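Peer 1: need a structure here:
(8 chains)
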Number of protein chains: 8
Amino acid sequence: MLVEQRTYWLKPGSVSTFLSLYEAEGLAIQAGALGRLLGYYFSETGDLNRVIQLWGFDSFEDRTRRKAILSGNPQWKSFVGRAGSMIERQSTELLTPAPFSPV
Amino acid sequence: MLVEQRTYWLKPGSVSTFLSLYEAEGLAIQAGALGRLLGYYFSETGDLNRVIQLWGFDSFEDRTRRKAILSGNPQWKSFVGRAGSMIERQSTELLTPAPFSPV
Amino acid sequence: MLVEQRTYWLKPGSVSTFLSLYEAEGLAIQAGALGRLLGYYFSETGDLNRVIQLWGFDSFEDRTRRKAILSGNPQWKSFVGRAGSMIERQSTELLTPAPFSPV
Amino acid sequence: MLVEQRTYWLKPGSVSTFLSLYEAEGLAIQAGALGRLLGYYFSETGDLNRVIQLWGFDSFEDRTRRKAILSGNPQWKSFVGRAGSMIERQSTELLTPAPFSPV
Amino acid sequence: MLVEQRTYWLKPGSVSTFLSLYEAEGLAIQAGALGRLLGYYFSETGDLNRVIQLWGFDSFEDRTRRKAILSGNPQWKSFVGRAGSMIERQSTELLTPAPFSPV
Amino acid sequence: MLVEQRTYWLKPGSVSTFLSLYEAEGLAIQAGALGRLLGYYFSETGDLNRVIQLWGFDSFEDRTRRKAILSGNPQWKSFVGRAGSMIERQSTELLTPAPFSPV
Amino acid sequence: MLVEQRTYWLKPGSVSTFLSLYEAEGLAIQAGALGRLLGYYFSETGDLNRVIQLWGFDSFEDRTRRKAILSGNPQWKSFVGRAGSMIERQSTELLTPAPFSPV
Amino acid sequence: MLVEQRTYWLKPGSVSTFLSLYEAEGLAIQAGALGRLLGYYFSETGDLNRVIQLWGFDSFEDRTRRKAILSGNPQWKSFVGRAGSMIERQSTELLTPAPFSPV
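Peer 2: Numbers count the residues shown, from 1 in each chain, chains lettered A, B, ... in the order given. Next comes the structure:
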């Protein structure tokens, strides 16, 4: 499995608004396209106002395919338009599970 | 649930040695004491030679209790002695799951 | 005791405005809810325009309780609305006093 | 008052050894020379293996005077020789208390 | 050869808009003035929303000459006016090829 | 001598506008109040859009006195109002000359 | 094409030794396994003692295949043993060429 | 004029030893080769154990020429051998003086 850990830095104070809007308008579309949500968090220490998500993919090739499916989805584009102004900065990294890592 | 994400930066080239030694000598003790391993990874992008672990705790109080149980374990101390020289730097952060985050 | 050190990065030039507004409208509410202010500073070196605060808590559980009391306070919400635009970024960390640390 | 916040990054695993050695051999000398210890902590989040100290001075001039008194103390030099190998990196910053900050 | 690696951090979501506008209105002018484009990329990991460019110059003196030619070009100024609002931050570094580096 | 090195990060593209406005409206006032300008630069590598200034002071006490004189100057306040929107972030550090450092 | 940009931070002063040893003992093996070297540089500004390499791959899957071929090569392992002590830290990132990027 | 600002991070506690050794064995050679020392400092805030130097050059081409003269000097090589172990990390940046910057 290929694991992606994405971090968004949000405008101060906007985490609860973002998470509510995402759950109502973005989660079903994004999880439907990408396939395996492993975790979706907000920070309590370090930089505040971060939302951190982990996604599992069969391969980099499949991640590419699923991300393009999501990016072209008209309902996703609408949600990105409504939620995007809360996002100040985005980063991502690719991780490999150790053999004993769960699931 | 309270989620802890810990990062260790290891000496260059030492990730596979660390993961093999940990699986053989540290995993059963640490998972037994701490309770819920959510993920154990090594990095493929960004800073290389990172190992990243996520642990789930019922509360901060229980994390404190379980960490002291682990730190006082004589077999854990032995493993830390054998593996510790590979660790150059350590960081950790506390995270809260969004309501829709899995498990 | 559990010690929290919070840092806010403010818009350039806004420190004195923030501190005056906080002292007049936020301090009594926040200190009343959280309990033990250990220090409230602004930076003279490093990143300028930082305000740095240290708070002492009996436990993480009590910090959680007191923070929710503060966040739900209608007068606090009003102050956050008036002061919040000065805040560009927020971070926090948890610290433990050494046995010989004062108070 | 002028407040100094110093951070030392220690070798992984060495915090308890450093704090024990400092309390036994360095604290009385350093506090005697510098005058007002405001806090002495170790980190629980963020970079682990940090020790963080806050000192209060009447003025920068007096800080300079007291630091030179400490640096020239033969017993301090001995302690620095015994404890210094645990220190990997050091940083410091100067802070000013807000008018309502305690003490 | 002197190699310059420039990084622009763009507003979230704006990479494809920037690259399309640059290719249509800026590339021919900039490549014409500067001389040797070695690579023009956007990031897939790390900080997202980065565009990274590498340029090769005969010398620092020639880089200075060509950059002033570009900066004074009225069509370049127009493009910078239309594209500039997408750029949040800029950095650059100078690199020297190893003897075996290609071209 | 006590040396202060200040860095301002400016809005992309604004360095020449800032330097022209400062030279016309701020330099004589600021240099008159602070006393010894050692250098005033803009960056060519690293973070672009930085302006970096070095000031020499007889002592920290005199720096404090001169900075308050400048901050209270009505013409300085006017210039800060006109130039301030170009400044995104500010940092500063204190340095000590080596014995052989010039002047 | 998928582009990888790798950075190694070397022990101060060791860049020329590393590059000479690599050219003599590592380049033919590594380029033979990985396929397309796009650039191999050392830094002149920013962090000194960096070596920066860019590699082009048909796909992430092919990068994975070629990296495992290289890692299992006995002559590569020997070179890594002889050169590795110069490497203090390693990072990498994945990049996508813009449509107009050369080659 | 082209200005170079170099920073060395030294082993904790070694600044005074480095500066004494440099003044006795390196300064005359280095200043003789490079031409115009503008400042040589150690840090009092921020990262401690930094030495920061500013050098002025007629041009980048002349900086290149003078640096190669210095690097090939047998007495410089000897000094670098004796002082080099104190240096943990090195960085540099190029700066341009504003028109009103002194000298």
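
Peer 1: now do the SS call for residue A:76.
Peer 2: Secondary structure, DSSP: H, G, I helix; E, B strand; the rest coil: residue A:76 is helix.

Peer 1: wait, isn't it in contact with residue A:70?
Peer 2: Yes - the criterion here is Cβ atoms under 8 Å, and residue A:76 meets it with residue A:70 at 5.5 Å. The way it works is simple: take the backbone N, C-alpha and C, and place the C-beta from them, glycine included.

Peer 1: for whichever strand in chain A runs longest, buried residues please.
Peer 2: Secondary structure of chain A per DSSP state E: the longest strand is strand A:87-97. Judged by neighbour count (16 or more other Cβ atoms under 10 Å in any protein chain shown), strand A:87-97 contains these buried residues: A:87, A:88, A:89, A:91, A:92, A:93, A:94, A:95, A:97.

Peer 1: what angle do it and strand G:87-97 make?
Peer 2: 110 degrees (axes from the mean of the first three to the mean of the last three Cα atoms, to 10 degrees).

Peer 1: grab the nearest non-local neighbour of residue A:52.
Peer 2: Nearest residue to residue A:52, sequence neighbours excluded (Cβ to Cβ, 6 or more residues apart in numbering or on different chains): residue A:41, at 4.7 Å.

Peer 1: what pairs with that neighbour across the strands?
Peer 2: residue A:52, residue B:97 (DSSP bridges).

Peer 1: how close does it get to residue B:94?
Peer 2: 10 Å (Cβ to Cβ, to the nearest Å).

Peer 1: can you list residues touching both of these two?
Peer 2: residue B:3 (Cβ atoms under 8 Å, 6 or more residues apart in numbering or on different chains).

Peer 1: and the helix or strand where residue A:55 lies, what other elements does it pack with?
Peer 2: If you go by DSSP states H and E, residue A:55 is part of strand A:50-57. Here strand A:50-57 touches strand A:2-10, helix A:15-25, strand A:37-43, helix A:60-71, going by 3 or more Cβ pairs under 8 Å, 6 or more residues apart in numbering or on different chains; DSSP states H and E.

Peer 1: highest mean neighbour count out of those?
Peer 2: Per-stretch averages of neighbours, counted by mean count of other Cβ atoms under 10 Å in any protein chain shown, single out strand A:37-43 among the helices and strands packed on strand A:50-57, with a mean of 22.

Peer 1: please state the offset of it from the chain centre?
Peer 2: 8 Å (Cα atoms, centre = their mean, to the nearest Å).

Peer 1: now it and strand B:37-43, what's the angle there?
Peer 2: Going by the same axes, to 10 degrees, strand A:37-43 makes 90 degrees with strand B:37-43.

Peer 1: so who does the residue of chain A found nearest chain F touch?
Peer 2: Relative to chain F, the nearest point of chain A is residue A:88 (13.1 Å; Cβ to the nearest Cβ). Residue A:88 makes contact with A:9, A:10, A:11, E:12, according to Cβ under 8 Å, 6+ apart.

Peer 1: one more pass at 7 Å, please.
Peer 2: Counting by Cβ atoms under 7 Å, 6 or more residues apart in numbering or on different chains, residue A:88 touches A:9, A:10, A:11.

Peer 1: from those, which are also near chain C?
Peer 2: Among those, proximity to chain C is found for none (Cβ under 7 Å from any Cβ of the partner chain).

Peer 1: show me which of those residues is closest to residue A:62.
Peer 2: Distance to residue A:62 across those (Cβ to Cβ) is lowest for residue A:9, with 27.5 Å.

Peer 1: quick one: contacts for the closest one?
Peer 2: Residue A:9 neighbours (Cβ under 7 Å, 6+ apart): A:47, A:49, A:50, A:88, A:89.

Peer 1: give me the phi and psi angles of residue A:59.
Peer 2: phi -170, psi 160 (degrees, to the nearest 10).

Peer 1: tell me the centre residue of chain A?
Peer 2: Closest residue to the average C-alpha location of chain A: residue A:53 at 4.7 Å, with Cα atoms, centre = their mean.

Peer 1: from chain H, how far out is that residue?
Peer 2: 33 Å (Cβ to the nearest Cβ, to the nearest Å).

Peer 1: quick one, what contacts that residue?
Peer 2: A:6, A:39, A:40.

Peer 1: ok, now which ones touch the residue in chain A that chain D sits nearest to?
Peer 2: Using Cβ to the nearest Cβ, the single residue of chain A nearest to chain D is residue A:45, 4.1 Å away. Residue A:45 is in contact with B:93, B:94, C:92, C:93, C:94, D:45, D:46, counting by Cβ under 7 Å, 6+ apart.

Peer 1: which bits of chain A sit near chain C?
Peer 2: A:12, A:13, A:45, A:46, A:47, A:48, A:49.

Peer 1: same thing but 10 Å
Peer 2: A:9, A:11-13, A:16, A:43-50, A:88 (Cβ under 10 Å from any Cβ of the partner chain).

Peer 1: which one of those residues sits closest to chain G?
Peer 2: Once Cβ to the nearest Cβ is applied, the member of the residues of chain A next to chain C that ends up nearest chain G is residue A:9, at 18.5 Å.

Peer 1: so what's the closest one closest to, chain neighbours aside?
Peer 2: residue A:89 (4.2 Å).

Peer 1: residues touching the one you found, list them.
Peer 2: A:7-10, A:47, A:50, E:9, E:11-12, E:47-49, E:88 (Cβ atoms under 10 Å, 6 or more residues apart in numbering or on different chains).

Peer 1: give me that answer again for 8 Å
Peer 2: Residue A:89 touches A:8, A:9, E:12, E:47, E:49, counting by Cβ under 8 Å, 6+ apart.

Peer 1: any chance of CSV for the residues you listed, columns distance to residue A:80?
Peer 2: As requested, the contacts of residue A:89 are arranged in CSV below (distance: Cβ to Cβ, whole Å):
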residue, distance to residue A:80
A:8, 12
A:9, 16
E:12, 10
E:47, 19
E:49, 14
